[PDB]
Structures are given as C-alpha cells and as structure tokens.
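Asks: Experimental structure and its sequence below.
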Amino acid sequence: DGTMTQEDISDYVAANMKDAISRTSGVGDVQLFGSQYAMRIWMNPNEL
Amino acid sequence: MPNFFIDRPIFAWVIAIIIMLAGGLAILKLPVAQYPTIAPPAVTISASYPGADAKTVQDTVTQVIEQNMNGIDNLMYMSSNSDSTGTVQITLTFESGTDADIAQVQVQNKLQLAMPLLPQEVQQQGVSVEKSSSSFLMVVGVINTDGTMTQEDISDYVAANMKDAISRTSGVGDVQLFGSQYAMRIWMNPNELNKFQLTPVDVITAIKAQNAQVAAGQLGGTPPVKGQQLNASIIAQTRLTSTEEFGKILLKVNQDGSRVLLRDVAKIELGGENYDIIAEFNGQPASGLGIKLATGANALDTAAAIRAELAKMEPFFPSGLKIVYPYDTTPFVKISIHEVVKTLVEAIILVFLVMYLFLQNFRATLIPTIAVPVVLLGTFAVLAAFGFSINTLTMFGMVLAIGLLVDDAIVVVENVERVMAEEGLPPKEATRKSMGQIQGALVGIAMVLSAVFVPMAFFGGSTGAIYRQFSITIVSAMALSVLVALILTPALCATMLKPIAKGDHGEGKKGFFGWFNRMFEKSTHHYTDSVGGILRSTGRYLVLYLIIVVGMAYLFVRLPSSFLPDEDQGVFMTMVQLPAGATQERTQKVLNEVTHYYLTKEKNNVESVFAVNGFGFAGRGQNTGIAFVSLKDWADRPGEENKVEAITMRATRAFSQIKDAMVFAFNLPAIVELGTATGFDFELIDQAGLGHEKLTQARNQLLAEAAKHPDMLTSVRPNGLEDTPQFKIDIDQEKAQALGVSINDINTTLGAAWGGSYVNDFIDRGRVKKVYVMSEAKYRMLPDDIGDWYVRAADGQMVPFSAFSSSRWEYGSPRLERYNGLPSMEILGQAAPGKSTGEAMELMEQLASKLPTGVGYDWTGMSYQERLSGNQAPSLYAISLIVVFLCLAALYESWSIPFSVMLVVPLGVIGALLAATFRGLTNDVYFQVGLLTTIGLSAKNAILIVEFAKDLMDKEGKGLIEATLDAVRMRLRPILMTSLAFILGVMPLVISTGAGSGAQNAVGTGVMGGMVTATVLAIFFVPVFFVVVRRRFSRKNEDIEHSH
Ligand SMILES: CCCCCCCCCCCCO[C@@H]1O[C@H](CO)[C@@H](O[C@H]2O[C@H](CO)[C@@H](O)[C@H](O)[C@H]2O)[C@H](O)[C@H]1O
Ligand SMILES: CCCCCCCCCCCCO[C@@H]1O[C@H](CO)[C@@H](O[C@H]2O[C@H](CO)[C@@H](O)[C@H](O)[C@H]2O)[C@H](O)[C@H]1O
Ligand SMILES: CCCCCCCCCCCCO[C@@H]1O[C@H](CO)[C@@H](O[C@H]2O[C@H](CO)[C@@H](O)[C@H](O)[C@H]2O)[C@H](O)[C@H]1O
Ligand SMILES: CCCCCCCCCCCCO[C@@H]1O[C@H](CO)[C@@H](O[C@H]2O[C@H](CO)[C@@H](O)[C@H](O)[C@H]2O)[C@H](O)[C@H]1O
Ligand SMILES: CCCCCCCCCC
Ligand SMILES: CCCCCCCC
Ligand SMILES: CCCCCCCC
Ligand SMILES: CCCCCC
C-alpha cells in the first residue's frame, strides 16, 4: 500500500517477528534479510 | 511347567525365593517419591541491579537477555518480571521429558552472549542460572535458644557457615536465605562530607585504594641472579578485616595537616548486604534456608543429604544456636507411602483369615497366602527393571493387584480341592488333573486382562504418566501371578494339601467349621435351585439388566470428575501481599496478626509458624511476606474441622478482615504444575509497542467486562502490582556544564547515597564478603534530603543537588511483566460454579477480541496444556472393549459367546458409582483404576463360569441348562472366597484416617461397592447371559441334552 519502505519493513520484521520465530518449535537459526533500525547519528566533519 | 514342578517342589521354592530376593533388593535401592515426575522442567535466570527501578531493570537487563534467548530446543514459553527491588527473574519452561542439564547449558550459552552487554554493577552481583522446582522442598530454620544472637547475627551465621555446603548438595536446585549475609557498611553523612569538601566518589575511590589486596612478587624471585640466597614472598596491602580498619581509611589531609578519616564522614558497621528479609519462628528472631529441589531430583534422597550435611555443622555452632524444622514436604511422602505398606500387610492377614474360614487347614490357607508376597516382591523387581519408582500410584497398584493375585491362587487351590472331593484322588494326582483343566484358562485370562489395563498406559500428556504407573504395575503383577500359579502353587498344593476323601465336604466336622460347612453346602443347593428357576424365566431379568445399565448411566453422568485428591500433608503456606508503596513496618504488622492467629486460635492444630517479612512468591519487596505453617501430627487432628482444608478456610476468613492487605492461607495441590482444577492463567500482551499505560487500560477494560459475567467467571484478577508514586529528578545538563560538575559524579553521588554501591570485598573472620557504601538512613528518607547532597565541581566548589536539578511526582510500575519477550500482564481467574474451564476460557477469548488495537493474549501454565485437548477415555476404552472381545473370541473359538462374559461389566460399575456417589467422592484417578480392577475380577469370574459350562457341553455331552447349573455351582465357592478376601482386604482403606487417607478412601470405597454388586449380581446374571446368548446365536441342534 506504499506506506513502508524496505528499511521500514526490515525494522518491523526485526523488531516484531524475528525473535518469536527464532523461539518457534524446530527453528534452529534465523537470518534477517535486512537490518533492524538503530538511532543513526550521521556526523559532518566540517560542522564538527 | 506344572507337572515338572509338582515333582520338583524344591526347585519351585528356589524360584519363588530368588524372585523374593530380587524384589527385596529392588525395594532397598528403588527411589521413593509421591508421584512420577510430570512437571515441565523450568530454567530460571536471576539478576540484580542494586538501586534500580523496574523500568531501568527491564530496559537495561531483561530485554537484553530476552533478545538473546533463541535457538533453544524444546522451549514452550518464556516469562519475566523486572521489579523496583532491582531484581529480574526470567523463566524458561520446557517440554516434559526435556533433559534439564542440556536446557540449562543451552540457556547459559545464550546468556553469555548477553553478559558483556549488561551493566557492570549487574555482572558484579552475579547472575545465576538455575534448574529447580518453583516451590520449596523445605525450609530449614535457625534460632538461638539463649537469645544471645539477633536476627541479623543468626542470618549472617547461616549465610557464612551453612548456606554454601547446602547449596552444593546434589539435588538442591536453589537456596534462598531468609535474611542476609553481613557486609561492611559505610553509612555516609552528607553534612560531614560537604564539610570536608568530599563526595561519595572520593569515598569509593579511597576504599578501593586502601582496602586492596596487591600482588607484589618475591625477593630472589625467578629468574634470579647467580648466587642468590634469599627467596621470600613480598606482602603489601591486604584486605581490611574490621570496622576499626575501615574507619581509619585516610580520605585526605587538610591544609593544616589535620587528617580526615572515613569514620569522620560515615558510621561504620557490620550489617546486611540488604535489609529486606526478616524472619521469625513462632514469634522469635530467626533465619533459615528455603530449599528448592533441582529438576528431576529425588525429594527424599535430597532431604536426607541436606540433613546429613546439617548434622556435620551442628557440633560447631555458637552457644544457643539451634536448627528447627518449620516446613518440610517430605515427611508426608514417607508416611503416606508407609501407610499403604501397612494396608498391604493387613490385606494379606485378612486374606489369610478368609482362606482359613473356607480351607479350614493352616497348611492349605498358607498356599494362596505365600503366593501374594512372592508375586508382589517380584513386581518390585520388574519395576526396577523398567526404571519405575516406588510411589503412591505404584503402591496402590500393588494393593489393587492383591485381588487379582489371590484369585489366581484360590482358583488353583480350590479347583484341586473340589477334585479331591469329587473323586477322592490323592493330592499329587489331583493337582495334575486340576492344573490340566484350568491352566489353559489362567493363561488366556491374563491375556484378556492385559487388554483392560494396558490401554491406560497410552493416555496422553501429564495425565498419562499417572495412569501408566498403575498399568505397568498391575500387568507385571498379573504376569508374575500366572508364572507363580504355574510353578509354585501346583508344587505347594501337591505337597501341603490334605487328602480329601471322595464325598467329604467337612460336614463330619464338629464345632464351627462343621456348622459353617453344612450351611454352605445347603446354601449352595439353594443357589442352584434359584438359578434353575431364573433360567426357566429370563425375559424379566434382561429387563432388570437394562434397569441396572440405565441406572449406571444415570449415576455416571452425575458423578463429577476430578484428577487426584488434595491431601492434608501437615503443612501449608499463607501469602501476604500489601499494595506497592507499603512499608516493611506495615507488612510486619500484618504478619504479626497472621502469626498471632495461628498461635492463639489454632493452638490445637498448629505446631509452628515461620514467617518471613520481605519475601513472597514475587519475590522480594517491602510490601510482601509469607508464613510457612507446620501442623501437629494427623493423629492429634481428628475430624474434618482439623484438617488443612478447614483450617486454611477458617484462616482466610479471619484474615479477610485485615485492612489494606491481601492475606490468604491455602493448601498446596497434589501437583501444582496441574494447578487449581478450575483456574485459568491468562496473558494479556502488548503486540504493537503500545506501552505500559495503554496495556493497563486494556487490562482494566477486560477486568471490568469480566466482572459482568459472574454466571461464567469468578475472581478474574491481575497477578501483578499497581503503579505507584515515584520521584522524578531531572538533571540539568546545561547547568551542570556551567558549574563544571560532571554527570558521572552527579549520578554516582545520587546512586551511591540513595541506592547504595557495592565497592569491593573484604575478609570477615576468614570469609570473603562485600563492602557497601550508602547514605545513613536519616539522610535518604525525605524528598528535601536530596538538596543536602553536594558534588564537587572542577574548580573545587561544592554544589548542592538543588542547583542543577528539578523534581516532580509521577506514577510508574514497581513490577513490569513480559511474556515471550513482549510486555504483558498476567490475569488469573476461574470458572464459576457449574461452568467448565473451557467455557470460561472461550469467554475470556471473546472479551479479549473486543480490546483496543494492538492488544493480544495467550494462555500459559495450567491453561497451556490444555489444548492439547481432553477426553481420550472413550476412544481408548473403546479399543480396550474390542481387544477384550477379540481375546475372548479366540479363547472360546466363537464370535458370540464372548458377549456372555462382557455383559457383566456394568454389574461392578453400578456398585462403584453407588458407593462413590454415596460417600461424596469424585470420578478421579483412583476411582477409575479401582473400577478396572473390579471389572477385571468379575470378567475373570464370568470367564471361568462359561468356560466350565461350555466344556461340560463340549467334552461331556451335558445339555445347556444342566451344564450352566453345574458350572455355576462349581464356581460359587471360589468366587465367594475371592470376593470376601478382597472386600475385607480393602476395608482398612475405606476406613482410613490420617496421612494419605484421601487417596486411600478413594481407592477403597469404589472397589468395595463394585465388588459387592459385582459378586451378588454376577452369580445370578452370568448364567443368564450364557443361556440367552447360547440360544440366540445357535443353529438348530439341541438344546437337549445330547451325547456324545
Ligand atoms: C494387622 C497389622 C497392621 C500393621 C502391620 C505392620 C506391617 C509393616 C509396617 C511398616 C511400615 C510403616 O508402618 C506404619 O507406618 C506409619 C508411619 O510412621 C505409622 O503410622 C502412624 O501412626 C499414627 C497414626 O496411625 C500416625 O499419625 C503417625 O504419623 C505414624 O506413626 C505406624 O506406626 C507404622 O506402623
Ligand atoms: C508382603 C510383601 C510385599 C510388600 C512389601 C513392600 C514394601 C515397600 C517399601 C517402600 C518404602 C521403603 O523405602 C526404602 O526402605 C529401605 C529400608 O531401610 C531403605 O534402605 C536403607 O536402609 C537399609 C538399612 O537399614 C540399607 O540397606 C540401605 O542402604 C538404605 O538406603 C531405603 O533407602 C528406602 O527408600
Ligand atoms: C501378534 C499380536 C497379537 C497376539 C495374539 C493375541 C492372543 C489372544 C488370545 C487370548 C486367549 C487365548 O486362550 C487360549 O485359547 C485356546 C483355544 O480355546 C485354549 O486352548 C485350549 O482350549 C480349547 C477350547 O476349550 C481347546 O480346543 C484347546 O485344545 C485347548 O488347548 C487355550 O487353553 C487358551 O489359553
Ligand atoms: C471392557 C473392559 C473395559 C471397559 C471400560 C470401563 C472404564 C469406565 C471408566 C473410565 C473413566 C471415565 O471417566 C472419564 O475420564 C476422563 C479422563 O480420564 C474425564 O475427562 C475429563 O477430565 C479430565 C481431567 O484430567 C480432562 O482431561 C478431560 O479432558 C475431561 O473431559 C471424563 O470427565 C470422564 O468421563
Ligand atoms: C524362605 C522360606 C523357605 C520355605 C521352605 C519350604 C519348605 C518346603 C519344603 C518341601
Ligand atoms: C465387536 C462386534 C463383534 C460382532 C460379533 C458378531 C458375531 C456374530
Ligand atoms: C473387529 C471385528 C470382528 C468381527 C467379527 C465378525 C465375525 C462374524
Ligand atoms: C482429603 C482428606 C484429607 C485428610 C487426610 C489426612
């Protein structure tokens, strides 16, 4: 529906689905194809 | 085999004797327990963040560990509490049958990935991973009878001299100290600190520097110079050992050379690492150890090892110190098992008496009597072979087995008798011909009987492990009984039986027997006379049979069903929960009331009370407590009113009138793991980052709605705590920067003063213990005290907290719950009277669907399994019926004749249902197994009756009615001998009072009623079943009378 970018989706999956799946019966390891969000501080060396 | 051993009695004896030795040896080594283990293993991770609030614990420790919990085998669910005591507990619950050692290894492998991400202060408190039951196995209390040690003294003694060895003992899963080990306490005074321009930061630095243990090398150490003569260790600073030494720690020297010592800015004393837990025993100062059993360990063995270790400590106690025993779950196990043993012995005695009444000869009665203990002992050997324990269920299996065993011996011994009476053949020759004619049937019967007891070995889940104990015990015993009947009994008949002369029936005797024997011979002709009559009638009796069936059906659907009875185990607990925000002093006042009640209003029932302030199943908190209560022996507590159920009910009622507290006494269930036979355990879940406040609102909405369906739901309530006022302090970054005060100094001053800080270790009387710095109590009681704490700025100026902070009141949680890694709130409740757990749960689900967006739910604990699903009964007894039919068809080489045996089934059930309905009993485990036994026996009786009739009609040429009557008359006596021996044998059970009498009563009364109706109803009905079935399913060829 055009409301979430790829990175949004990856955060949603990381933060709401992956942990439970990885604790599900018979599941051995789970690889995220993407990345959970972090707070990103993108520094500017000139302003620094 | 029979012929072989008839000529070799000594060989027969040798086999019996070796079987008994094997059994006796098993009994000496076999584990003893109340029940087989059915609890899901649970691994618990525990951590502590001194001075942290619940949210700080959750967001800094609990979430971090939880996110690392993955790829763990057999995990059913995970739950956690993070509380404002600074404590986290994370519980991982595993599938039944999971190896707890591996579960623990797998949990810790994941925990170690989280460990480095935890605050240093949390890592230094020690995180632990344990595998233990949730309940206490026992509490070992410690008091001082000379009153020469305070509560704090005793607690330190226990912590320092007793706790570690107990914690190392195999089978001990977890040990809780009810009190605290001493630490060196440095109680800081902000006024003095500010006066000397010092802060808690300087205090901590000085303690680390001056309470140090330094490695300093050696004189003449390797590699040395050539010619070296001296080698000695260099000893520099060592840990401080006393308050005197800590007091002279040098904080600084003034400009004028005067000294500032630690004792100048602090009070210094030995005192607890914490001050949250305070216990009393019968109102006096005490400490103690609350011990939990490691997963799967044997309760009795572990308790014995604990006592053995305690006994090693006693001789070195300081004067007056004494161990007391306020709460132990294990004595009841030992005692209840021993009462079942007594009934076994008693049962064998009664069997001996009934045998005599009929056999009238010491040596003869001895045969069926020897057979029982031989088979029973062998059965223990088989249990060992299969890795079973001696438990309540295997023991009742033995008791129930006696009916089957004694009947085997009786059938064998009686049949020989009848033979020596019907022919005057001598003993050796008679047992031969006898064994020749029944031996085939004994073996076949054991087969059809296994068809009634095996199916129950296949019940599913937790239920199943219980029924399996019986199944295997009873089947094994029956198999051994056939063996013994084929080896020992024939040998014994042939050597120990008295020659009976053709025609003799004991009427020649004078005295009671002569009289008895005459009455029976007579009453027998009267029996046959009656059947002969009934067989000319009938039609009417099929109609009576249908009455009994419908009646049976009526009683069945009306008899409520349960699982295992609650027993009075001579102990119980009382929970005390005040609102969060409540003080330790208020909790003590409520505990005093609880103690007072047991000490004064339950004098005749209660032996002791061990009450603990600051610990509950929470655990820790100022607003919680628990009392462990031990009752006097069952024998001094005669009557319903003096048993645990009525005591706990009266207590709860008295305690309901305690202001602003929830206090209730309750009896533990047979199996917690199973829970409250009616309860549900519900988890409300934040599925969408909603947050605590919104989850609370959803919870409240759900509670309100549930409060409107009293017709279905009762006592639907939260398991956790309500939000409480908290003091929010905002540090002003800009002001701090302006004044040159570091945020680290601010936070350490605030935290150390108001929360306390574990600095490093010291040595107290040879034992490593902790050093804590914290504000003296009077400077951390009031909000205004905050501004009395000063921090030193870079430019050396002392700056009060009030200069760089502001504060406000708000509300927050003292305890945050998570379930499967999501924020949660647990809700307890139960089905309203008349309503089924399923119904209540369905409704909880409906209401849950009406909740705000983002709120979900789950079922846990007792409600988890459970769906799962129920009622396997119909299916399994269905196949049981079918297999029984098939077995009988093989035995009789007929598809129709088996019905003449199977129609007896209802006749024992009816009496069982009647007697149980009458005594107010339930359709529970004990009712069911006893019924199978009763059914087994009446089946066996019917099988031997129609076997005899059929043979008569087949070998001889006897016609239908004649054969039925001769069959029924030959079988009356053996049937009566067995019925009476067994009904009397279970008398001790229905009559039982005392330890485990709930179980005993439940077993006994079902059997007694069943056997009574089975016996009286079968001896008339079976002949009916037979002729009615022989007609209906024949083929024009009689029913004379023919031959040959
Ligand atoms: C006709 C014979 C009847 C008894 C035959 C005995 C055969 C072998 C018994 C050994 C096993 C245990 O036997 C029995 O155990 C229990 C448990 O402590 C004791 O029975 C109990 O007596 C009172 C009341 O009944 C209890 O409150 C107490 O806890 C316990 O001592 C009995 O005193 C003991 O006889
Ligand atoms: C009619 C015959 C058939 C019925 C008999 C059934 C008896 C049932 C017994 C169940 C309870 C017995 O429990 C068990 O008893 C023995 C008796 O000392 C104990 O065994 C212990 O005592 C003896 C010494 O006296 C030692 O050989 C042994 O090393 C020690 O462990 C077990 O540790 C205990 O677990
Ligand atoms: C492979 C998996 C399943 C295993 C099969 C299940 C077995 C079920 C059998 C149960 C009943 C067996 O019972 C057995 O029946 C036969 C046949 O009547 C009997 O045999 C005896 O009685 C019959 C009839 O009176 C005689 O014809 C026969 O000569 C005699 O030996 C046995 O004395 C008895 O022990
Ligand atoms: C021909 C030879 C053999 C004939 C069979 C004769 C046996 C007759 C009695 C069997 C027991 C019947 O009783 C039945 O037991 C089951 C559980 O075991 C009960 O089941 C109920 O309680 C249990 C509690 O643990 C639940 O798990 C279950 O989901 C629920 O429906 C039934 O409420 C009851 O009706
Ligand atoms: C342990 C009991 C020993 C029994 C001896 C049997 C005596 C019978 C000899 C024929
Ligand atoms: C289990 C039903 C068996 C039916 C047998 C009928 C024989 C004529
Ligand atoms: C289980 C089916 C048995 C059916 C036997 C029928 C005999 C005619
Ligand atoms: C369930 C009845 C309890 C009494 C046992 C001592």
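Replies: Right, received. Where do you want to start? Residues are numbered from 1 along each chain as shown, chains lettered A, B, ... in the order given. Ligands and ions are numbered 1, 2, ... in the order given.
Asks: and after the longest helix seen in chain A, which helix or strand comes next?
Replies: With secondary structure taken from DSSP state H, chain A has its longest helix at helix A:6-16. Next helix or strand after helix A:6-16 toward the C-terminus (DSSP states H and E): helix A:18-22.
Asks: Stretch A:37-48 and chain B in contact?
Replies: No - on the criterion C-beta under 8 Å from any C-beta of the partner chain, stretch A:37-48 is out of touch with chain B, staying 12.3 Å away. Backbone N, C-alpha and C define where each C-beta goes, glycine included.
Asks: Output that stretch as PDB, restricted to C-alpha atoms.
Replies: Extracted C-alpha coordinates of stretch A:37-48, given in PDB (Å, rounded to 0.1, in the frame of the first residue of the first chain):
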ATOM      1  CA  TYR A  37      16.600   0.200  12.900                       C
ATOM      2  CA  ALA A  38      19.200   1.900  15.100                       C
ATOM      3  CA  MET A  39      19.400   5.500  16.100                       C
ATOM      4  CA  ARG A  40      21.800   6.900  13.500                       C
ATOM      5  CA  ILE A  41      23.900   9.900  14.200                       C
ATOM      6  CA  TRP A  42      25.500  10.900  10.800                       C
ATOM      7  CA  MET A  43      28.400  13.300  11.600                       C
ATOM      8  CA  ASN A  44      29.500  16.200   9.400                       C
ATOM      9  CA  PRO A  45      33.300  16.700   9.900                       C
ATOM     10  CA  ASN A  46      33.000  20.300   8.700                       C
ATOM     11  CA  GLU A  47      30.400  21.300  11.300                       C
ATOM     12  CA  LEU A  48      32.500  19.400  13.900                       C
END
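Asks: What residues of that stretch count as buried?
Replies: By neighbour count on 16 or more other C-beta atoms under 10 Å in any protein chain shown, the buried set for stretch A:37-48 is empty.
Asks: Other residues contacting it?
Replies: By C-beta atoms under 8 Å, 6 or more residues apart in numbering or on different chains, the residues outside stretch A:37-48 that reach it are A:7, A:11, A:14, A:15.
Asks: From those, keep the buried residues only.
Replies: Neighbour-count burial (16+ other C-beta under 10 Å) applied to the contacts of stretch A:37-48 gives residue A:11.
Asks: Of the contacts of stretch A:37-48, which ones also sit close to ligand 6?
Replies: Among the contacts of stretch A:37-48, no residue sits close to ligand 6 (C-beta under 6 Å from any ligand atom).
Asks: which residues does the residue nearest to residue A:6 when sequence neighbours are not counted contact?
Replies: With sequence-adjacent residues excluded and distances taken as C-beta to C-beta, 6 or more residues apart in numbering or on different chains, residue A:6 is closest to residue A:34, at 7.0 Å. By C-beta under 8 Å, 6+ apart, the contact set of residue A:34 is A:6, A:7, A:9, A:10, A:13, A:14.
Asks: any idea which helix or strand carries residue A:34?
Replies: With DSSP H and E as the test, residue A:34 turns up in no helix or strand.
Asks: Contact partners for the residue of chain A found nearest ligand 6?
Replies: Residue nearest to ligand 6 within chain A: residue A:25 (39.7 Å; C-beta to the nearest ligand atom). Residues in contact with residue A:25 (C-beta under 8 Å, 6+ apart) are residue B:75.
Asks: Would you agree it falls within a helix?
Replies: No - counting by DSSP: H, G, I helix; E, B strand; the rest coil, residue A:25 is not part of a helix but coil.
Asks: Can you tell me the centre-most residue of chain A?
Replies: residue A:36 (1.9 Å; C-alpha atoms, centre = their mean).
Asks: That one is in what secondary structure piece?
Replies: Using DSSP H and E, residue A:36 falls outside every helix and strand.
Asks: surely it meets residue A:8?
Replies: No - between residue A:36 and residue A:8 there is no contact under C-beta atoms under 8 Å: 11.3 Å.
Asks: and the contacts of residue A:34 as CSV, adding distance to ligand 4?
Replies: Below are the contacts of residue A:34 laid out as CSV (distance: C-beta to the nearest ligand atom, whole Å):
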residue, distance to ligand 4
A:6, 48
A:7, 49
A:9, 43
A:10, 44
A:13, 38
A:14, 40
